[PDB]
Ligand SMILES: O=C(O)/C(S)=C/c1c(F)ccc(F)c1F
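Starting off, we have a lone chain in the form deposited without this ligand, written out as structure tokens.
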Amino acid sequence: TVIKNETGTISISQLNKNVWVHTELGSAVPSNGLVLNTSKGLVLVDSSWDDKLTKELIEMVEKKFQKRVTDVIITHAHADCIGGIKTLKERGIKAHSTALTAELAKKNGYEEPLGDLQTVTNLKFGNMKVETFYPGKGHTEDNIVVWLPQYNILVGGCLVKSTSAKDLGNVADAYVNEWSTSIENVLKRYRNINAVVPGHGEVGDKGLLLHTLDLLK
């Protein structure tokens, strides 16, 4: 099931009953995030490139599920994750992030996220269980990953590259050398990964991490 706008720049696909992947095209590069349908509202992982697309993504998602987006997990301080921050705060949406993501968001001129996530944080929204983990520096200094224990789905964000992506992308903010260590921790930490959602690209599996470590070699 893949619903999207009239323009084709915002689509949402279903991974499982309550787990969907949202995708928006911007600077055109596709960037994914998650949309979790819970008994107590909708929880998103990552917003979009800007407030226009973020608003629209939210408008869309809420109309479809007839629920309000209560929380969003910002995996890092780049426009494609925290770009719609101003929107989330005028709509009463709680934008969680590590303290680091928050200070770097302010640095890049974005409105500051909550900065509440610890290296390991377990959130439970109604029935949905979410875990955020900070494996260390990689694609960026602050990047974290999301683990849905009930579906064994790992959102690697931009720490994980896609199957046919042979470029690491913007490494000016990246710590190319520590990047590999960080994927090891994710790998060591979660020993029964099923699906893995990359920052840009198709949903893969634990193989996407190995692919990334390969591009880093």
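Sequential numbering from 1, following the sequence displayed.
J.: Enter the number of deposited residues without atomic coordinates between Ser27 and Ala28, binned as none, 1 to 3, 4 to 9, or 10 or more.
T.: Unresolved stretch here: 4 to 9 residues.
J.: On mean C-alpha B-factor from the PDB entry, just flag whether 7-15 or 198-206 is the higher one.
T.: Comparing 7-15 with 198-206, the higher average CA B-factor belongs to 7-15.
J.: Going by the mean C-alpha B-factor recorded in the entry, which is higher: 61-69 or 184-192?
T.: Mean CA B-factor is higher for 184-192.
J.: Highest recorded C-alpha temperature factor, please, choosing from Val146, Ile74, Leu104, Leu117.
T.: Among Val146, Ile74, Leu104, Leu117, the PDB entry lists the largest C-alpha B-factor for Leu104.
J.: Looking at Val43, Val155, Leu53, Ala165, which has the highest CA B-factor as recorded?
T.: Comparing C-alpha B-factors across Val43, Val155, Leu53, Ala165, the maximum falls on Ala165.
J.: What third of the chain, by the recorded C-alpha B-factor, contains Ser39?
T.: Its C-alpha B-factor belongs to the highest third of this chain's values.
J.: By the record's CA B-factor, is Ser48 among the lowest, middle or highest third of residues in the chain?
T.: Middle third by C-alpha B-factor.
J.: How does the C-alpha B factor of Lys129 compare with the rest of the chain: lowest, middle or highest third?
T.: For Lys129, whose C-alpha B-factor we compare with every modelled residue in the chain, the answer is the middle third.
J.: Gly84: which third of its chain by C-alpha temperature factor?
T.: As the PDB entry reports it, the C-alpha B-factor of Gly84 lands in the middle third of its chain.
J.: Among all modelled residues of this chain, ranked by Cα B factor, put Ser31 in the bottom, middle or top third, i.e. lowest, middle or highest.
T.: As the PDB entry reports it, the C-alpha B-factor of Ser31 lands in the highest third of its chain.
The same protein also exists as the form solved in complex with this ligand; that form is not shown, yet it is the one meant from here on.
J.: Want to guess which of 91-99, 71-79, 141-149, 118-126 is within 4.5 Å of this ligand in the deposited bound form, heavy atoms only?
T.: Residues of 71-79 come within 4.5 Å of the partner.
J.: Please check if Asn170 has a heavy atom lying within 4.5 Å of any heavy atom of this ligand in the deposited bound form.
T.: Yes.
J.: Residue-level question: is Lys206 within 4.5 Å of this ligand in the deposited bound form, judged on heavy atoms?
T.: Judged by the heavy-atom cut-off of 4.5 Å, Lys206 is well away from this ligand in the deposited bound form.
J.: Can you work out whether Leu53 and this ligand are in contact in the deposited bound form, taking contact to mean some heavy atom pair no more than 4.5 Å apart?
T.: Answer no; every heavy atom of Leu53 is more than 4.5 Å from this ligand in the deposited bound form.
J.: Taking this ligand as it sits in the deposited bound form, is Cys158 in contact with it (heavy atom to heavy atom, 4.5 Å or less)?
T.: Flag for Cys158 set to yes.
J.: Using a 4.5 Å cut-off on heavy atoms, what residues in 180-217 are near this ligand in the deposited bound form?
T.: Only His200 sits within 4.5 Å of the partner.
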